[PDB]
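Quick notes on the structure that follows.
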Amino acid sequence: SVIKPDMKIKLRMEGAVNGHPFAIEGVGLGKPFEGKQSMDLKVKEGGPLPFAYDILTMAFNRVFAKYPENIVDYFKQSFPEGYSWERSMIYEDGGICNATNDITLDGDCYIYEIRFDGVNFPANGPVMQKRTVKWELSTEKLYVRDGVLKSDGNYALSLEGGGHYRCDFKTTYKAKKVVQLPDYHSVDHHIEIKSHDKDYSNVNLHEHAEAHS
Amino acid sequence: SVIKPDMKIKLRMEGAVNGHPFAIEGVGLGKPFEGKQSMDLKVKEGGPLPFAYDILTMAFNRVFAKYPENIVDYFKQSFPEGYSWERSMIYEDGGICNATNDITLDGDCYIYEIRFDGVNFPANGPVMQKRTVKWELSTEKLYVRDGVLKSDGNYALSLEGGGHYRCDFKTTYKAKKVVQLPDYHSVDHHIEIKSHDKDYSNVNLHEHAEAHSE
């Protein structure tokens, strides 16, 4: 249809954590049918980031996920007009994050407009002390509530010096035009930071994702 | 003290709800020691607001609270340098808002810079359908955790045609300078929209708050 097997990505994020603003821009490319993408991200304002970069990675598009034939693919069907998502992320120690992304399609390139806001991360926590390592494999579960596609999952960040730090994700997905809705299914995400400079002013991020039922 | 019996307020709020941006500005006045204040608010971007105005009213300063002598007043002591707060609000139907306020003093005018972000309010909920009436009297409970003043509250909005719609508030307060921390105590808040135009582009908002303890 409108989905080429190789696509580009352009994005800008504006946001704040505990009231301190920052902005980040990125360019990437991926292969929506393989469910793989990668991108390079640069801090534009509010650098150097005084918090763990990992709370942002999942905010930096479910079109990049491999769907079998037997599962409805809400995300590929929603283009060219696009879709948006809303998301709340509740960390076990009271830290809470809200994000939105408005996704459009210009040529063979996706354009994200992302807003991100986190509050109540304690000063002695693993986020403000940058003591996180990586996200464990994430299983998102998607379902439909009143004509709207929703998902949630309970995820976990690995911690420096052992242990995990949990977080609960609730996301709402909205196509811009009416689209066929899927049945209950899961999506596994592997997300990883392959490289970065010391202060995370520059970051290279990869993700693989695949749906099941 | 730098806190005078009658003071002014200026504010700007920038936010978004379900991904749709807006901005509101306000002017007001109050009496710090009587724990009373009032203000007028005008939507400047994103009007008319497609959601219930009530989810914003508590974002629109604990310096305006009557503290008795036997409770430490963290807020009046934080000036002239000021203080800030961060806050999350979790409504029973999945709607979640975050806000921040940075509060400074200039002459005898408080200046707020407020950020507000709400997500996941369902289309058929009381918020997107503007079915809220008012906040019931709200009892905030403050305590200290690792050298920082926190608070929480279980609040409720009355709904059109009966029933209530519940929300959990969690706030962190941080003075700009080191200031003496209070003990556990409580604050009752009465907040009310005294008047507004048909679509809430103009709002006159009042609050009165009084601190209590054992």
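Residues are named by chain letter and number: chains run A, B, ... in the order of the structure tokens, numbers start at 1 in each chain, and ligands are numbered from 1 in the order shown.
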
Report as a PDB file with N, CA and C atoms, in the first residue's frame all protein, DNA and RNA residues lying within 7 Å of segment 192-207 of chain A, evaluated on only C-alpha atoms, omitting residues in the same chain fewer than 5 positions from it.
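Printed below is around_23.pdb as written:
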```pdb
ATOM      1  N   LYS A  36      11.848  -3.537  12.558  1.00  0.00           N
ATOM      2  CA  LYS A  36      13.127  -3.028  13.038  1.00  0.00           C
ATOM      3  C   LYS A  36      13.324  -1.561  12.683  1.00  0.00           C
ATOM      4  N   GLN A  37      13.854  -0.793  13.626  1.00  0.00           N
ATOM      5  CA  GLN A  37      14.193   0.598  13.376  1.00  0.00           C
ATOM      6  C   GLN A  37      15.437   0.955  14.174  1.00  0.00           C
ATOM      7  N   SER A  38      16.084   2.050  13.800  1.00  0.00           N
ATOM      8  CA  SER A  38      17.219   2.573  14.553  1.00  0.00           C
ATOM      9  C   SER A  38      17.268   4.070  14.300  1.00  0.00           C
ATOM     10  N   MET A  39      17.866   4.828  15.210  1.00  0.00           N
ATOM     11  CA  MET A  39      17.857   6.269  15.049  1.00  0.00           C
ATOM     12  C   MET A  39      18.966   6.918  15.842  1.00  0.00           C
ATOM     13  N   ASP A  40      19.338   8.129  15.453  1.00  0.00           N
ATOM     14  CA  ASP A  40      20.321   8.887  16.210  1.00  0.00           C
ATOM     15  C   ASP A  40      19.661  10.120  16.794  1.00  0.00           C
ATOM     16  N   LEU A  41      19.942  10.394  18.065  1.00  0.00           N
ATOM     17  CA  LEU A  41      19.245  11.445  18.799  1.00  0.00           C
ATOM     18  C   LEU A  41      20.201  12.459  19.412  1.00  0.00           C
ATOM     19  N   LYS A  42      19.832  13.732  19.350  1.00  0.00           N
ATOM     20  CA  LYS A  42      20.712  14.783  19.837  1.00  0.00           C
ATOM     21  C   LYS A  42      19.979  15.752  20.749  1.00  0.00           C
ATOM     22  N   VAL A  43      20.569  16.021  21.911  1.00  0.00           N
ATOM     23  CA  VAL A  43      20.016  16.967  22.875  1.00  0.00           C
ATOM     24  C   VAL A  43      20.178  18.400  22.368  1.00  0.00           C
ATOM     25  N   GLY A  47      20.597  20.416  28.059  1.00  0.00           N
ATOM     26  CA  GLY A  47      21.724  19.511  28.237  1.00  0.00           C
ATOM     27  C   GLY A  47      22.719  20.075  29.233  1.00  0.00           C
ATOM     28  N   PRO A  48      23.427  19.203  29.968  1.00  0.00           N
ATOM     29  CA  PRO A  48      23.384  17.738  29.928  1.00  0.00           C
ATOM     30  C   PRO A  48      22.223  17.211  30.766  1.00  0.00           C
ATOM     31  N   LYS A 134      19.287  -1.075  31.483  1.00  0.00           N
ATOM     32  CA  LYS A 134      18.522  -1.319  30.264  1.00  0.00           C
ATOM     33  C   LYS A 134      17.129  -1.822  30.584  1.00  0.00           C
TER      34      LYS A 134
END
```

(request) Enumerate the residues of segment 70-180 of chain A with a DSSP assignment of strand (DSSP E), computed from the backbone, and present them as a VMD selection string. (result) chain A and resid 83 to 91 96 to 106 109 to 119 132 to 135 138 to 145 148 to 159 164 to 175

Which residues of chain A sit at most 8 Å from chain B, using only C-alpha atoms? Give each one's shortest atom pair and distance in Å (one decimal place), in chain and ascending residue order, as CSV.
```
residue,atom,partner,partner_atom,distance
A:18,CA,B:86,CA,6.4
A:19,CA,B:100,CA,6.0
A:86,CA,B:119,CA,5.7
A:87,CA,B:119,CA,6.5
A:88,CA,B:96,CA,7.0
A:96,CA,B:88,CA,7.1
A:97,CA,B:98,CA,7.7
A:98,CA,B:119,CA,6.9
A:99,CA,B:119,CA,7.7
A:100,CA,B:19,CA,5.9
A:101,CA,B:19,CA,7.6
A:102,CA,B:19,CA,7.8
A:117,CA,B:117,CA,7.2
A:118,CA,B:98,CA,7.4
A:119,CA,B:86,CA,5.6
A:120,CA,B:86,CA,6.2
A:171,CA,B:120,CA,7.5
A:172,CA,B:120,CA,6.4
```

Dump of C-alpha atoms for the selected residues, as an mmCIF file, in the first residue's frame:
```cif
data_model
loop_
_atom_site.group_PDB
_atom_site.id
_atom_site.type_symbol
_atom_site.label_atom_id
_atom_site.label_comp_id
_atom_site.auth_asym_id
_atom_site.auth_seq_id
_atom_site.Cartn_x
_atom_site.Cartn_y
_atom_site.Cartn_z
ATOM 1 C CA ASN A 18 10.729 17.633 37.633
ATOM 2 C CA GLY A 19 10.114 21.044 36.033
ATOM 3 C CA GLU A 86 -1.312 9.142 24.632
ATOM 4 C CA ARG A 87 0.615 7.466 27.409
ATOM 5 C CA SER A 88 1.108 7.440 31.141
ATOM 6 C CA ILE A 96 5.116 9.537 36.912
ATOM 7 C CA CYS A 97 5.489 10.349 33.206
ATOM 8 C CA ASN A 98 3.022 11.490 30.536
ATOM 9 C CA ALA A 99 3.790 11.511 26.834
ATOM 10 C CA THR A 100 2.000 12.185 23.560
ATOM 11 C CA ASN A 101 3.036 11.571 19.996
ATOM 12 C CA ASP A 102 1.378 12.840 16.820
ATOM 13 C CA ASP A 117 6.488 15.398 31.084
ATOM 14 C CA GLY A 118 7.789 13.688 34.210
ATOM 15 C CA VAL A 119 7.234 14.684 37.844
ATOM 16 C CA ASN A 120 7.859 13.355 41.365
ATOM 17 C CA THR A 171 -1.313 3.721 26.216
ATOM 18 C CA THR A 172 -4.235 4.884 24.047
#
```

(request) Please provide the set of residues having any atom within 9 Å of segment 138-141 of chain A, restricted to only C-alpha atoms, with same-chain residues fewer than 6 positions apart removed, written as a list in words. (result) residues 150, 151, 152, 153, 154, 155, 156, 169, 184, 185, 186, 187, 188, 189, 190 and 191 of chain A

(message) So that I can see what lies close to segment 180-182 of chain B, please list as a VMD selection string the residues with an atom at most 10 Å from it, counting only C-alpha atoms and leaving out residues fewer than 4 positions away in the same chain.
(response) chain B and resid 70 to 75 77 to 78 142 to 144 147 to 149 175

Selection from above, N, CA, C and O atoms, as a PDB file, in the first residue's frame, can you write it?
```
ATOM      1  N   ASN B  70       1.205  27.012  66.019  1.00  0.00           N
ATOM      2  CA  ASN B  70       1.870  25.757  66.379  1.00  0.00           C
ATOM      3  C   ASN B  70       2.117  24.785  65.217  1.00  0.00           C
ATOM      4  O   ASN B  70       2.382  23.604  65.437  1.00  0.00           O
ATOM      5  N   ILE B  71       2.024  25.276  63.985  1.00  0.00           N
ATOM      6  CA  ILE B  71       2.437  24.488  62.823  1.00  0.00           C
ATOM      7  C   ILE B  71       3.454  25.294  62.020  1.00  0.00           C
ATOM      8  O   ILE B  71       3.242  26.473  61.751  1.00  0.00           O
ATOM      9  N   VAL B  72       4.567  24.663  61.668  1.00  0.00           N
ATOM     10  CA  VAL B  72       5.597  25.294  60.849  1.00  0.00           C
ATOM     11  C   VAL B  72       5.062  25.609  59.449  1.00  0.00           C
ATOM     12  O   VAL B  72       4.485  24.742  58.798  1.00  0.00           O
ATOM     13  N   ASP B  73       5.257  26.845  58.992  1.00  0.00           N
ATOM     14  CA  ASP B  73       4.730  27.297  57.703  1.00  0.00           C
ATOM     15  C   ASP B  73       5.875  27.316  56.703  1.00  0.00           C
ATOM     16  O   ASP B  73       6.626  28.288  56.618  1.00  0.00           O
ATOM     17  N   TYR B  74       6.009  26.224  55.958  1.00  0.00           N
ATOM     18  CA  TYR B  74       7.112  26.033  55.028  1.00  0.00           C
ATOM     19  C   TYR B  74       7.029  27.062  53.921  1.00  0.00           C
ATOM     20  O   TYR B  74       8.045  27.478  53.360  1.00  0.00           O
ATOM     21  N   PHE B  75       5.810  27.477  53.601  1.00  0.00           N
ATOM     22  CA  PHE B  75       5.598  28.284  52.400  1.00  0.00           C
ATOM     23  C   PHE B  75       5.946  29.761  52.598  1.00  0.00           C
ATOM     24  O   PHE B  75       6.723  30.329  51.831  1.00  0.00           O
ATOM     25  N   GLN B  77       7.890  30.930  54.744  1.00  0.00           N
ATOM     26  CA  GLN B  77       9.316  31.023  55.026  1.00  0.00           C
ATOM     27  C   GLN B  77      10.181  30.918  53.779  1.00  0.00           C
ATOM     28  O   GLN B  77      11.345  31.298  53.801  1.00  0.00           O
ATOM     29  N   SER B  78       9.629  30.382  52.700  1.00  0.00           N
ATOM     30  CA  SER B  78      10.416  30.144  51.495  1.00  0.00           C
ATOM     31  C   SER B  78      10.676  31.405  50.665  1.00  0.00           C
ATOM     32  O   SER B  78      11.365  31.355  49.641  1.00  0.00           O
ATOM     33  N   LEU B 142      -0.011  16.658  54.529  1.00  0.00           N
ATOM     34  CA  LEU B 142       1.412  16.859  54.257  1.00  0.00           C
ATOM     35  C   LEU B 142       2.352  16.094  55.216  1.00  0.00           C
ATOM     36  O   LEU B 142       2.094  15.998  56.410  1.00  0.00           O
ATOM     37  N   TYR B 143       3.440  15.551  54.677  1.00  0.00           N
ATOM     38  CA  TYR B 143       4.458  14.917  55.500  1.00  0.00           C
ATOM     39  C   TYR B 143       5.828  15.103  54.862  1.00  0.00           C
ATOM     40  O   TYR B 143       5.937  15.595  53.739  1.00  0.00           O
ATOM     41  N   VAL B 144       6.872  14.698  55.575  1.00  0.00           N
ATOM     42  CA  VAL B 144       8.233  14.809  55.068  1.00  0.00           C
ATOM     43  C   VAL B 144       8.791  13.430  54.728  1.00  0.00           C
ATOM     44  O   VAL B 144       8.564  12.453  55.450  1.00  0.00           O
ATOM     45  N   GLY B 147      13.911  14.498  53.704  1.00  0.00           N
ATOM     46  CA  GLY B 147      14.210  15.923  53.666  1.00  0.00           C
ATOM     47  C   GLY B 147      13.357  16.761  52.724  1.00  0.00           C
ATOM     48  O   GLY B 147      13.659  17.932  52.495  1.00  0.00           O
ATOM     49  N   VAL B 148      12.288  16.177  52.185  1.00  0.00           N
ATOM     50  CA  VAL B 148      11.420  16.880  51.230  1.00  0.00           C
ATOM     51  C   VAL B 148       9.940  16.832  51.642  1.00  0.00           C
ATOM     52  O   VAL B 148       9.428  15.783  52.051  1.00  0.00           O
ATOM     53  N   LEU B 149       9.257  17.965  51.521  1.00  0.00           N
ATOM     54  CA  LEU B 149       7.841  18.063  51.863  1.00  0.00           C
ATOM     55  C   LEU B 149       6.925  17.542  50.751  1.00  0.00           C
ATOM     56  O   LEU B 149       6.932  18.060  49.637  1.00  0.00           O
ATOM     57  N   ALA B 175      11.386  24.215  48.412  1.00  0.00           N
ATOM     58  CA  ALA B 175      11.814  25.600  48.544  1.00  0.00           C
ATOM     59  C   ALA B 175      13.147  25.808  47.825  1.00  0.00           C
ATOM     60  O   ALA B 175      13.929  24.870  47.668  1.00  0.00           O
TER      61      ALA B 175
END
```

(request) Give me the residues within 7 Å of segment 183-188 of chain B as a ChimeraX atom specification, counting only C-alpha atoms and dropping any in the same chain fewer than 6 places off. (result) /B:137-143,209-213

(message) Set the distance at 12 Å and use only C-alpha atoms: which residues neighbour residue 72 of chain A once local chain neighbours fewer than 6 positions away are removed? I'd like the list as a PyMOL selection string.
(response) chain A and resi 66+78+142-143+149+179-186+211-213

Written file, previous selection with C-alpha atoms, as a PDB file, in the first residue's frame:
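The file below, selection.pdb, is the result:
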```pdb
ATOM      1  CA  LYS A  66       6.011  -7.376  12.506  1.00  0.00           C
ATOM      2  CA  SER A  78      -3.939   4.089   9.481  1.00  0.00           C
ATOM      3  CA  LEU A 142      -3.445  -4.523  23.286  1.00  0.00           C
ATOM      4  CA  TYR A 143      -7.221  -4.544  23.560  1.00  0.00           C
ATOM      5  CA  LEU A 149      -7.333   0.683  20.783  1.00  0.00           C
ATOM      6  CA  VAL A 179      -9.851   1.925  10.758  1.00  0.00           C
ATOM      7  CA  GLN A 180     -10.590  -1.769  11.341  1.00  0.00           C
ATOM      8  CA  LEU A 181      -9.932  -2.709  14.980  1.00  0.00           C
ATOM      9  CA  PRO A 182      -7.829  -5.716  16.068  1.00  0.00           C
ATOM     10  CA  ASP A 183      -8.657  -8.412  18.590  1.00  0.00           C
ATOM     11  CA  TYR A 184      -6.639  -8.973  21.759  1.00  0.00           C
ATOM     12  CA  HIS A 185      -2.974  -9.584  21.073  1.00  0.00           C
ATOM     13  CA  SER A 186       0.569  -9.031  22.372  1.00  0.00           C
ATOM     14  CA  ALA A 211       3.215  -9.344  17.512  1.00  0.00           C
ATOM     15  CA  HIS A 212       1.742 -12.665  18.774  1.00  0.00           C
ATOM     16  CA  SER A 213      -1.505 -14.415  19.731  1.00  0.00           C
TER      17      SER A 213
END
```
